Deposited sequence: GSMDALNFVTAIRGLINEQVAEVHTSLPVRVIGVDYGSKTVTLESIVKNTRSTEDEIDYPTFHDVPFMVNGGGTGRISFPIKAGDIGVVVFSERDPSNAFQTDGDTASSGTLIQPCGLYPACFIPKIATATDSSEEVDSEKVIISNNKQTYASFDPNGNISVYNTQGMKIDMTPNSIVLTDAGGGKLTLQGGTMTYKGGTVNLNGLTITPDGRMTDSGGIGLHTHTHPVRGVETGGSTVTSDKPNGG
């Protein structure tokens, strides 16, 4: 019926209810407050999606035990509707082809219609899936790739329970034994002046 621009004073994260304060002068009082006023939540059965509505947020109140109904507007004496900013959206928060979950232009999960899935942050850290690959991207200079039935890591030092592999692909176990630098002591021979080469390992 009638509505007003409003500021979120406080939120009840259990009741799915907010406390609101008019930001403009109404019609005695001037800045009316509204208590235990509910808002729409997304869910059904045991599942749900929660959005970070918090004190300081702007929106609009509309009007004329234990819950809780997911769509309370029209059937409650009043409800709160967030008026979120979208005008400055880039192709990353809003797309023509992708389903995009995002928070504060900082965290993303995008699902494209062709088999590409991307979970990432603006800092460059990425978990990516394409029709034929899974790739983990470390913006710090590392990349793990599963593709074509092969696995690859390209980046810096690899560490497996102490065992180490350099950025250039040399390895040394936890004990210091290096595959390319190690030597063997040989027993029971005559100190000579010749040099022979051993066989491959046993």
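Going by the record, the unmodelled stretches of the deposited sequence, in order, are 1-23, 51-55, 93-107, 246-247.
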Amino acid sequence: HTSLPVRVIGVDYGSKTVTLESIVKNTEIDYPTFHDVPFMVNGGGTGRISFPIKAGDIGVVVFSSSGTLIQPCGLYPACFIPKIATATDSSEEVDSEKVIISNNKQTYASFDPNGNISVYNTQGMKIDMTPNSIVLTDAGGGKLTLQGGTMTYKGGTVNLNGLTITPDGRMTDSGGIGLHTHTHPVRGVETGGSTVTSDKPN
From here on, numbers count along this sequence of modelled residues.
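The PDB entry records a higher mean C-alpha B factor for 67-75 than for its counterpart among 118-126 and 67-75. Between the stretches 139-147 and 168-176, it is 168-176 that shows the larger average CA temperature factor. The entry lists a Cα temperature factor for residue 45 that places it in the middle third of the chain's modelled residues. In this PDB entry, residue 29 carries a Cα temperature factor that places it within the highest third of its chain's modelled residues. Per the PDB record, residue ranking by Cα B-factor puts residue 91 in the highest third of the chain. Among the modelled residues of its chain, residue 101 has a C-alpha B-factor that falls in the lowest third, as given in the PDB entry. The PDB entry assigns residue 85 a C-alpha temperature factor belonging to the highest third of its chain's modelled residues.
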